[PDB]
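K.L.:
return a 3D structure for these sequence lines:
(chains A and B, ligands or ions: 4)
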2 protein chains.
Amino acid sequence: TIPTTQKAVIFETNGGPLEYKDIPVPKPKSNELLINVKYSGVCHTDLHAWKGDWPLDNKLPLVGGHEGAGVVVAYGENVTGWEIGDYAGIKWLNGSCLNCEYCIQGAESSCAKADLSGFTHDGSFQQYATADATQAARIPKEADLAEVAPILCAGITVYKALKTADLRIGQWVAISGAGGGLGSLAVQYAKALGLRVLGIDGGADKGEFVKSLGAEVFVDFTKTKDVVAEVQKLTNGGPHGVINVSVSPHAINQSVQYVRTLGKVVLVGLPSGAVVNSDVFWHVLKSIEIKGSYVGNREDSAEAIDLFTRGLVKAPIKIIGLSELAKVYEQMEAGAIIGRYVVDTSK
Amino acid sequence: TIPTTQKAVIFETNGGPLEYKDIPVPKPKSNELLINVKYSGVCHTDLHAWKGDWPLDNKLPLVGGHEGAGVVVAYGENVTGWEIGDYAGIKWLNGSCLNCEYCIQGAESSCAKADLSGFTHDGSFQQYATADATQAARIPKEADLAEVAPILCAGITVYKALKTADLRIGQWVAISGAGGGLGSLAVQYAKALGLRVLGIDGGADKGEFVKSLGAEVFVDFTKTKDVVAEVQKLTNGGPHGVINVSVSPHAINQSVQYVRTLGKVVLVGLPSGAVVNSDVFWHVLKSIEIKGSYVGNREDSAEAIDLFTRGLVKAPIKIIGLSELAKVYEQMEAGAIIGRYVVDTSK
Ligand SMILES: [Zn+2]
Ligand SMILES: [Zn+2]
Ligand SMILES: [Zn+2]
Ligand SMILES: [Zn+2]
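P.N.:
Numbering: from 1, shown residues only, chains lettered A, B, ... in the order given. Ligands and ions are numbered 1, 2, ... in the order given. And now the structure:
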């Protein structure tokens, strides 16, 4: 039973009004699922999609959203491997060509023809959204759709970042911003990979939280004068890897200094105007690697989701109504960091 | 301008008559290219498909062939990244499911639902053949379609085998069966990878040939009493890798004995009843690795074809007509001391 009209939050111009209104229910193309999106996560990527900040061309008008968890209600005639009622996730990468220099290496998100949910393609901020059946995330029936929604972006992203760090079991990883939502996920995934976790954040409250997630050590930058030296001493020479969850330029540039000889510094996320600086003498002498980590591919997606469904990662959410989504945008625009919001599309 | 009827060599039963006749032109599914096959290589795999020798279930009736080079004349509604007039190669792996553990890790040829050209799916021994667009090889416009056709099987295969050997530049690779068609290609690819090549085959004619391709050493098993000892002596302890292009059981078992400490013994091809025997004491003491090397993935394919297009590997061909293809089968069915055939589909 598929309606012809649905609620959605849509804008017709970049920076324009975020209108909660009725729009038609899309009909899936031959390769696409039609998903009844039950819940959708939100993050700053949606802010920048709406603002048009990025040098990537977005669609107009546009339904935003790239963290949708829902139920397959239909699919095109050429879709295979899917059954009506299956749980599906609509992610940042909606689709790619599957046969280019980047797709054949498992870097589908780098495809020149990538379709991006909530950027080039109407995303998860509606009740019914289309998504290519090959790229859509398989969600087990045992998974809470609301709880899994943020894993589709933050969870896969930090998991992929840790794989990019390419660390051995028992090695040290420093997580910058370890007490935030993204960083807290990163701590848990790092524990699942057998890593010793050093968390960096501000405040004893964040410190206690990070410790409760399995971090071996916490460095409070509101109390530690020389974070670089402290991180180097606590790991007996520096962490073998670092995940720069915090996009503060100060924290990133410190990560280049405290990483161990032969270590991996991983950059995550899409900040504006952030520049990492590295002294070439020390970069060479220590054979450091500064690696960008973008979005997980289908293999990464399945692994990260599986760790979540096994209960090894927890991402507490605050459920609000889709009709209220505009407020979140405003908040993201007006700074003021806030917890993890999940919109219910029936409200 | 696409006909509805075409010429093809087709059989209705395993070992049945190989009929050159008219059959319908296929219609591409939504995921497929329709390729006007200009040329097709031929090899013993087609013999085994026709005979039904392999314990893999083949389709009946069947157009054979898995080494096709042609021009895209159409494509299904979901195909992107391809344009009419592009040169395309039809290979052993025609298509895969895209949603199993093997497809998502880049091992599509292990897909349980793999479609195999000229085995489960009508292949390149026709004028118009369909191929899944995700698996089709892009052939540069600078490449001669007839000459590139055998690279699509033999070339990619031996290149993948050398990658499987995982050798360092300057190391020794022994190529067992170096004077045949497959082995001669392996010699050339090994030289392009900067390896020192020791060729093993039978007869001074093959020895001259192997030397002319740049092999540093040739061992003639018709005139060498102790092949193992000779190969070890000539490489000062054994080759770092060996490619068993010959599917001789005795030669494979010799390669286990003469390979260097820490060396890689690579198995290639799909023989019947060939069993490698390895003494466990020596396998452990020398930490040898016996590795199977199957079909190249799309990265291997692009690299092998590029080396051909740059002129670094040559596979001389004899061009005959598709109408004559039955004779080749007969020769392959009988003993055969014959070159590399490429059928022209217009004759
Ligand atoms: Zn997000
Ligand atoms: Zn692509
Ligand atoms: Zn072949
Ligand atoms: Zn598969």
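K.L.:
may I ask which helix or strand encompasses the nearest residue to residue A:278 once chain neighbours are set aside?
P.N.:
Spatial nearest neighbour of residue A:278, excluding adjacent residues (Cβ to Cβ, 6 or more residues apart in numbering or on different chains): residue A:256 at 4.9 Å. In short, each C-beta sits where N, CA and C put it, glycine included. For residue A:256, the element it lies in under DSSP states H and E is helix A:249-258.
K.L.:
what packs against that helix?
P.N.:
Helix A:249-258 makes packing contacts with strand A:172-176, helix A:227-234, strand A:241-244, strand A:264-268 when contacts are defined by 3 or more Cβ pairs under 8 Å, 6 or more residues apart in numbering or on different chains; DSSP states H and E.
K.L.:
now do the third one: everything it contacts.
P.N.:
Where contact means Cβ atoms under 8 Å, 6 or more residues apart in numbering or on different chains, the residues beyond strand A:241-244 that reach it are A:158, A:161-162, A:165-167, A:171-177, A:183, A:186, A:190, A:195, A:251-252, A:255, A:258-259, A:263-268.
K.L.:
and those, which of them are buried?
P.N.:
Buried members of the contacts of strand A:241-244, counted by 16 or more other Cβ atoms under 10 Å in any protein chain shown: A:158, A:161-162, A:165, A:167, A:171-177, A:183, A:186, A:190, A:195, A:251-252, A:255, A:258-259, A:263-268.
K.L.:
can you narrow those residues to ones near ligand 3?
P.N.:
Counting by Cβ under 5 Å from the ion, nothing from these sits close to ligand 3.
K.L.:
what ranges do the helices span in chain A?
P.N.:
Along chain A, counting by DSSP state H, helices occupy A:44-51, A:145-148, A:154-165, A:181-192, A:204-212, A:227-234, A:249-258, A:280-285, A:298-309, A:325-333.
K.L.:
of all those, which one is nearest residue A:96?
P.N.:
The closest of the helices of chain A to residue A:96 is helix A:298-309. By Cβ to Cβ, the value is 10.2 Å.
K.L.:
ok, residues contacting the closest one?
P.N.:
Contacts of helix A:298-309 (Cβ under 8 Å, 6+ apart): A:89, A:91, A:106, A:108, A:134-135, A:137-140, A:142-143, A:147-148, A:151-152, A:155-156, A:159-160, A:163, A:189, A:192, A:296, A:313, A:315, B:104-105.
K.L.:
what do you get if the cut-off is 6 Å, keeping everything else the same?
P.N.:
The contact list for helix A:298-309 (Cβ atoms under 6 Å, 6 or more residues apart in numbering or on different chains) reads A:137, A:140, A:142-143, A:151, A:155-156, A:159-160, A:192, A:313, B:104.
K.L.:
separation between the residue nearest to residue A:205 when sequence neighbours are not counted and residue B:19?
P.N.:
Closest residue to residue A:205 apart from its sequence neighbours, by Cβ to Cβ, 6+ apart: residue A:179 at 7.8 Å. Computed as Cβ to Cβ, to the nearest Å, the residue A:179 to residue B:19 distance reads 73 Å.
K.L.:
so which of those two has more stuff around it?
P.N.:
The residue with more neighbours, out of residue A:179 and residue B:19, is residue A:179; 25 against 14, by other Cβ atoms under 10 Å in any protein chain shown.
K.L.:
give me the phi and psi for the more buried one.
P.N.:
Per-residue torsions, residue A:179: phi -90, psi -10 (degrees, to the nearest 10).
K.L.:
burial check on residue A:122, number of neighbours?
P.N.:
25.
K.L.:
cool, and residue A:141?
P.N.:
Around residue A:141 sit 8 other residues, with neighbours defined as other Cβ under 10 Å.
K.L.:
hmm, back to that, correct me, but the residue nearest to residue A:278 touches residue A:277?
P.N.:
No. At 7.3 Å, residue A:256 does not count as touching residue A:277 under the criterion of Cβ atoms under 6 Å.
K.L.:
looking at the two, which one has more neighbours?
P.N.:
Each of residue A:256 and residue A:277 has its neighbours counted (other Cβ under 10 Å); residue A:256 has more, 21 against 9.
K.L.:
how near is the more buried one to residue B:81?
P.N.:
Between residue A:256 and residue B:81 the computed distance is 38 Å (Cβ to Cβ).
K.L.:
where does the stretch 51-200 of chain A get nearest to ligand 1, which residue?
P.N.:
Closest residue of the stretch 51-200 of chain A to ligand 1, Cβ to the ion: residue A:153 (3.2 Å).
K.L.:
please name the nearest non-neighbouring residue to that residue.
P.N.:
Counting by Cβ to Cβ, 6+ apart, the residue nearest residue A:153 is residue A:67, at 4.6 Å.
K.L.:
how close does that neighbour sit to residue A:118?
P.N.:
Taking Cβ to Cβ as the measure, residue A:67 and residue A:118 are separated by 9 Å.
K.L.:
what's the burial count for the residue of the stretch 151-300 of chain A found nearest ligand 2?
P.N.:
In the stretch 151-300 of chain A, the residue that lies nearest ligand 2 is residue A:297 (11.7 Å; Cβ to the ion). Using other Cβ under 10 Å, residue A:297 has 22 neighbouring residues.
K.L.:
for ligand 1, see how far away it is.
P.N.:
Per Cβ to the ion, to the nearest Å, residue A:297 is found 16 Å from ligand 1.
K.L.:
I'd assumed residue A:103 was in contact with that residue.
P.N.:
No. Contact between residue A:297 and residue A:103 fails when scored by Cβ under 6 Å: they sit 9.4 Å apart.
K.L.:
would you agree residue A:326 is in contact with residue A:16?
P.N.:
No. Counting by Cβ under 6 Å, residue A:326 does not reach residue A:16; the two are 11.7 Å apart.
K.L.:
please list the residues of the stretch 51-200 of chain A that sit near chain B.
P.N.:
Contacts of the stretch 51-200 of chain A with chain B, taken as Cβ under 6 Å from any Cβ of the partner chain, map to A:78, A:81, A:97-100, A:104, A:113, A:134.
K.L.:
does anything pack onto the longest strand belonging to chain A? Which helices or strands?
P.N.:
As assigned by DSSP state E, the longest strand anywhere in chain A is strand A:32-41. Where contact means 3 or more Cβ pairs under 6 Å, 6 or more residues apart in numbering or on different chains; DSSP states H and E, strand A:32-41 is packed against strand A:68-75, strand A:128-132, helix A:145-148, strand A:341-344.
K.L.:
give me the contact list for the second one.
P.N.:
It refers to strand A:128-132. Where contact means Cβ under 6 Å, 6+ apart, the residues beyond strand A:128-132 that reach it are A:6, A:25-26, A:28, A:31-37, A:90, A:94-95.
K.L.:
how about those in JSON lines, adding neighbour count and distance to ligand 1?
P.N.:
Formatted as JSON lines, the contacts of strand A:128-132 follow (neighbours: other Cβ atoms under 10 Å in any protein chain shown; distance: Cβ to the ion, whole Å):
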{"residue": "A:6", "neighbour count": "20", "distance to ligand 1": "22"}
{"residue": "A:25", "neighbour count": "19", "distance to ligand 1": "24"}
{"residue": "A:26", "neighbour count": "16", "distance to ligand 1": "21"}
{"residue": "A:28", "neighbour count": "22", "distance to ligand 1": "23"}
{"residue": "A:31", "neighbour count": "22", "distance to ligand 1": "24"}
{"residue": "A:32", "neighbour count": "25", "distance to ligand 1": "21"}
{"residue": "A:33", "neighbour count": "26", "distance to ligand 1": "20"}
{"residue": "A:34", "neighbour count": "23", "distance to ligand 1": "22"}
{"residue": "A:35", "neighbour count": "28", "distance to ligand 1": "17"}
{"residue": "A:36", "neighbour count": "22", "distance to ligand 1": "20"}
{"residue": "A:37", "neighbour count": "32", "distance to ligand 1": "14"}
{"residue": "A:90", "neighbour count": "31", "distance to ligand 1": "11"}
{"residue": "A:94", "neighbour count": "25", "distance to ligand 1": "13"}
{"residue": "A:95", "neighbour count": "26", "distance to ligand 1": "17"}
